[PDB]
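Peer 1: To kick things off, part of the complex as it is:
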Amino acid sequence: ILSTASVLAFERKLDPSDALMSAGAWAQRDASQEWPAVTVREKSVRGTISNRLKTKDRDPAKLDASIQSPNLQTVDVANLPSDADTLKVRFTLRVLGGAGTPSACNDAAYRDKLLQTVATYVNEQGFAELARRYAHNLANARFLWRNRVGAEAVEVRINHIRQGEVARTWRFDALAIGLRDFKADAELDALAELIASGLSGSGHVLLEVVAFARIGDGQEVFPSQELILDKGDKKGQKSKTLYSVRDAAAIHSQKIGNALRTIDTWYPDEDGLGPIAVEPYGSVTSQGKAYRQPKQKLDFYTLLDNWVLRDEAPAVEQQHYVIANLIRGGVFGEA
Amino acid sequence: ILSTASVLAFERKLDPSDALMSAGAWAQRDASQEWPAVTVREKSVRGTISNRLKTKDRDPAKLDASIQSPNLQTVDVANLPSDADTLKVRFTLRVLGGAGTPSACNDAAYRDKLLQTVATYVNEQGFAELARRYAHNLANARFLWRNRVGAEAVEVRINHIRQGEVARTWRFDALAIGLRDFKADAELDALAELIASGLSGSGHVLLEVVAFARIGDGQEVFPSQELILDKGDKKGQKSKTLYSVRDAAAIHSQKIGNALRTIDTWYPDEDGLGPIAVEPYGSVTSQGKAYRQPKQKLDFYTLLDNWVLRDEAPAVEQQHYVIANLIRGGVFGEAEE
Amino acid sequence: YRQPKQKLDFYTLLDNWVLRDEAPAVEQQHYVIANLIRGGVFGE
């Protein structure tokens, strides 16, 4: 009795927009409304074989022949102008609420059990831990993925925008708030209270996030990369495409959303590596490894089936992880 | 029991920008902020038949008939103005650090084995040999590739820029410092300590490098050359395109980056040719040849696999080469070609 | 002129001078070094 639903789907909370890039000078950050956009250009790249050879030391003349016919490509590139040193990345993020309610469900008993389970979750403790971790990931500019690496100074401005004007302003130094640990601060806990009030359904939260990274004059910034499938063989010259909303280099919204939910510090491997993004079988692509394997009893699906069907409430950290995966949304069903 | 990771990727350190070209007169090199940029123009070229021919050709009727109908091209060209004799080339450089940590890696055991191997390299000696050679390649203006050949006087001004203003200034005579050997000098060694502090992760290094080359009035300068794509064109198109950033002739950032890491002197072929760029199977495209061919055990991959997997640490200059290749970055692993 | 049926073009003179060590007349040596000062793309 009380089996899981065959179809079950959750719309995402914490919707971000596409993060648009512009360039300007530091200490002109308060006049940064007429800053020009960072444009995407093309350049020619000639390179040679720096990869491993399939037949290692058995063909040196093939190596010399491949160096006499080098690879010619055309690559999309995005730099700051030579007279500006600060990248400004701007997006908006709205926090909605109604986190437990599925957008599709087959069994009515399953969704009533799920709704009362998340109701007991909110009743025991609020969204305060999850919203504190989300406000941390907004405080440090983790959404600057490679634009933050080696930055001289990162500064985040967060505007809570109630009506058509700004209701509150936060100002953080993103290099002080580390990428490693979750601290406490009055402004950060006030922002966490706002995010938790949005997550509970007691208010409508719309924020404008603007990050300023001090990289250097003319240095290269890193927008999102598009798909270039089945165009690298016939001519093969265009080999890298950068994402852009109209004539402006941009980061994908799902990349910002992946940087926001990097909150999972409860995975059974260790915690000395740092937080990861919440996911069923919480996995990193750059490491090629799934933490929270289903052979261990700590992935999302077994935890949700134990909490909902058999009423085995896990630890409060694993409950935080399950509710974070419900906030993330997704297609959960018999596939 | 410990094999190499199937994926492994290192982001590069020593990121230069695109080098921008401007022009002015010498001894106005201190007031070189309003120097106008070097523009890229077009011109017409009529060509003779001055290549080798097959034996199907070289009959006098065919050769004379080919000389009858010539070839006409449009060519991108960049020159100094007729009233200016000095090329100014400006770029910025970020020295970042963290050179051992891969940006992607499959095996965790391989990751911390490689991390502790780079840790023992840093503990045994600093980056001071590598930073000395990089500061040499900054000091001689090797990033001027053909714009340095036949130059009367080359002078390099390097401003280490900490906050929004200058923190330090170096002034070098780039024709005095050779492209052949690596000398010792107090200002150059202090620049090397700054670069080694950047490479070690102990600080944030941002430099602005400016080169002044006294070439001559109206002479031809050589920006980076783009790649022209035309399939079925109408007999007299462009045959040469030059790179430009906002109507200013420019050099690609990877060209400057290749001239920066021209530090490999330890290749087993010889040392009387000079330093080459650090590459796996260290190879120059002008000679069409691969030094450190993998049949000798001095390419990057066998050196790295001996040092990490089997703990066979190579000679200290081979260790310098392997760490310089990790600073170069790359896609190492089973994405093999 | 320097029609390659006659053995006085630049390519045959340079090939005989360098490969077979048949150094030509001093006038033709002047012509070959003048072509090398001129520069070019010499290849197949």
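Peer 2: Structure received. Numbering: from 1, shown residues only, chains lettered A, B, ... in the order given.

Peer 1: in the stretch 1-150 of chain A, what residue is nearest chain C?
Peer 2: residue A:68 (11.0 Å; CB to the nearest CB). To be clear about C-beta, it is placed using only N, CA and C from the backbone, and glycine gets the same treatment.

Peer 1: Correct me if wrong: that residue contacts residue B:290.
Peer 2: No. Using CB atoms under 8 Å, residue A:68 is not in contact with residue B:290, being 10.2 Å away.

Peer 1: of these two, who's got more company?
Peer 2: Using other CB atoms under 10 Å in any protein chain shown, the more surrounded residue of residue A:68 and residue B:290 is residue B:290, with 24 against 12.

Peer 1: How about the more buried one: what's its closest non-neighbour residue?
Peer 2: Closest residue to residue B:290 apart from its sequence neighbours, by CB to CB, 6 or more residues apart in numbering or on different chains: residue B:283 at 4.1 Å.

Peer 1: residue contacts, residue A:221?
Peer 2: Applying CB atoms under 8 Å, 6 or more residues apart in numbering or on different chains, we find residue A:221 in contact with A:21, A:38, A:78-80, A:87, A:147, A:215, A:249.

Peer 1: In strands only, show me the residues you listed.
Peer 2: Among those, DSSP state E puts A:21, A:87, A:249 in strands.

Peer 1: got the contact list for the strand or helix carrying residue A:64?
Peer 2: Assigned by DSSP states H and E, residue A:64 belongs to helix A:60-67. The contact list for helix A:60-67 (CB under 8 Å, 6+ apart) reads A:48-49, A:53, B:281, B:283, B:285, B:288-290, B:293-295.

Peer 1: from these, which two are the most distant?
Peer 2: In the contacts of helix A:60-67, two members sit farther apart than any others by CB to CB. They are B:285 and B:295, at 20.5 Å.

Peer 1: counting contacts, what elements does the helix or strand encompassing residue A:320 pack onto?
Peer 2: Assigned by DSSP H and E, residue A:320 belongs to helix A:316-328. Applying 3 or more CB pairs under 8 Å, 6 or more residues apart in numbering or on different chains; DSSP states H and E, we find helix A:316-328 packed against helix A:108-124, helix A:128-139, strand A:262-264, helix A:300-308.

Peer 1: and chain D on top of that:
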Amino acid sequence: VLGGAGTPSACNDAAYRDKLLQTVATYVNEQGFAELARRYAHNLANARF
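Peer 2: Let me put chain D in with the others:
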């Protein structure tokens, strides 16, 4: 006027490159560039350009 008129900027064979370099070297040792520079100075002297 630059100099280095024997050395190629790009080449495949190293043995052919060294043979060509020493061939131009023996040309310079037998006589300087004085005949070629004399003819170039003549073409500079008259305004053939």
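
Peer 1: Can you show me the CA trace of the helix holding residue A:320 as PDB?
Peer 2: What follows is helix A:316-328, C-alpha atoms only, in PDB (Å, rounded to 0.1, in the frame of the first residue of the first chain):
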ATOM      1  CA  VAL A 316      18.000  16.900   9.700                       C
ATOM      2  CA  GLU A 317      20.800  17.400   7.200                       C
ATOM      3  CA  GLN A 318      19.400  14.800   4.900                       C
ATOM      4  CA  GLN A 319      16.000  16.500   5.300                       C
ATOM      5  CA  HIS A 320      17.600  19.700   4.300                       C
ATOM      6  CA  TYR A 321      19.000  17.900   1.200                       C
ATOM      7  CA  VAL A 322      15.700  16.400   0.200                       C
ATOM      8  CA  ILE A 323      13.800  19.700   0.500                       C
ATOM      9  CA  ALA A 324      16.600  21.400  -1.400                       C
ATOM     10  CA  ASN A 325      16.100  18.900  -4.200                       C
ATOM     11  CA  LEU A 326      12.400  19.700  -4.100                       C
ATOM     12  CA  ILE A 327      13.200  23.400  -4.400                       C
ATOM     13  CA  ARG A 328      15.400  22.600  -7.400                       C
END
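
Peer 1: Give me the angle between it and strand A:86-95.
Peer 2: Interaxial angle of helix A:316-328 relative to strand A:86-95 (axes from the mean of the first three to the mean of the last three CA atoms, to 10 degrees): 100 degrees.

Peer 1: Next, the angle helix A:253-260 makes with helix A:316-328.
Peer 2: Using the same axes, to 10 degrees: helix A:316-328 against helix A:253-260 is 170 degrees.

Peer 1: Please compute how far helix A:316-328 lies from its chain's middle.
Peer 2: 17 Å (CA atoms, centre = their mean, to the nearest Å).

Peer 1: relative to helix A:186-200, how tilted is that helix?
Peer 2: Using the same axes, to 10 degrees, helix A:316-328 lies at 60 degrees relative to helix A:186-200.

Peer 1: add one more, call it chain E:
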Amino acid sequence: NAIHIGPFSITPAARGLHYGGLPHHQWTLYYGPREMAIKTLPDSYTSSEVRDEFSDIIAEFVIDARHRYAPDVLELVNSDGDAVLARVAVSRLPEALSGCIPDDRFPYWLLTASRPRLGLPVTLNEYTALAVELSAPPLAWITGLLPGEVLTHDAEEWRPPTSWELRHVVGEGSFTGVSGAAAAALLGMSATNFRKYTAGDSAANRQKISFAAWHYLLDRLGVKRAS
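Peer 2: Chain E, in position alongside the others:
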């Protein structure tokens, strides 16, 4: 009810839909982990119809892999430079090549077919020796689709192929088109002992093929020369 055509697998989507009133299912064609295509095919399609729905994409993959991993071509020409007298597809280069324009000091030259030619002067006996040593088998391009650590001659670095890598060369859907019975007869085995190699997981009575048997099988299928 998945369908296996060599290394390709076509799986249905585990719940259908109703398109145009008729029940349908989404069939996905994978080449290992790489998802190649998706189609929406109706029910009451036999597995043969599902097979030659995707046969065209499989054939385009075969054409692209055959053109991409084609072996090198050396050309025996005379002293003038044109008039190719012979051609030979080699899997390796003769290692004495260094960029050459043929002259009349030697009557026979062996150049690469690639355009900055490398070349060597030969005398029709060392050309025969080089062609005997370095020739490529007729199905050498399948070596492009293999991990290379299963193709090495050094037994310290060799690892046995998996079942998916083994299905590149053995099977009715493989690129060699050689069944398991014929490949068992090539190795001097029985069909059941050879089918033990093609199970997929180490639990279901599967042992790995040996170094000598794998390299001899690649020799006999005309994939790797394996001298």
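
Peer 1: since we added chain E, can you redo the contacts of helix A:60-67?
Peer 2: By CB under 8 Å, 6+ apart, helix A:60-67 touches A:48-49, A:53, B:281, B:283, B:285, B:288-290, B:293-295, E:72, E:92-98, E:112, E:114, E:116, E:118.

Peer 1: if I pick the residue of chain E found nearest chain A, what's in contact with it?
Peer 2: Residue of chain E nearest chain A, by CB to the nearest CB: residue E:93 (3.8 Å). Counting by CB under 8 Å, 6+ apart, residue E:93 makes contact with A:59, A:61-62, A:65, E:72, E:112, E:118, E:134.

Peer 1: can you give me the helices for chain E?
Peer 2: E:47-68, E:126-134, E:163-166, E:180-186, E:191-195, E:211-220 (DSSP state H).

Peer 1: Next one: the closest residue to the residue of chain E closest to chain A other than its chain neighbours from chain D, what distance?
Peer 2: Counting by CB to CB, 6+ apart, residue E:93 lies nearest to residue A:61, which is 3.8 Å off, once chain neighbours are set aside. Using CB to the nearest CB, to the nearest Å, one gets 11 Å for the distance from residue A:61 to chain D.

Peer 1: Point me to the residue sitting closest to the centre of chain E.
Peer 2: Compute the mean C-alpha point of chain E, and by CA atoms, centre = their mean the closest residue is residue E:142, 1.2 Å away.

Peer 1: Domain map for chain A?
Peer 2: Split into domains by curated CATH domains, chain A comes to A:1-11+A:99-126+A:263-335, A:12-98+A:127-262.

Peer 1: I figured residue E:139 hits residue E:221, correct?
Peer 2: Yes. Using CB under 8 Å, residue E:139 is in contact with residue E:221, at 6.8 Å.

Peer 1: ok, how many other residues are close to the residue in chain E positioned nearest to chain C?
Peer 2: In chain E, the residue that lies nearest chain C is residue E:101 (5.4 Å; CB to the nearest CB). Residues within reach of residue E:101, counting by other CB under 10 Å, total 17.

Peer 1: Find the nearest non-adjacent residue to it, please.
Peer 2: residue C:44 (5.4 Å).
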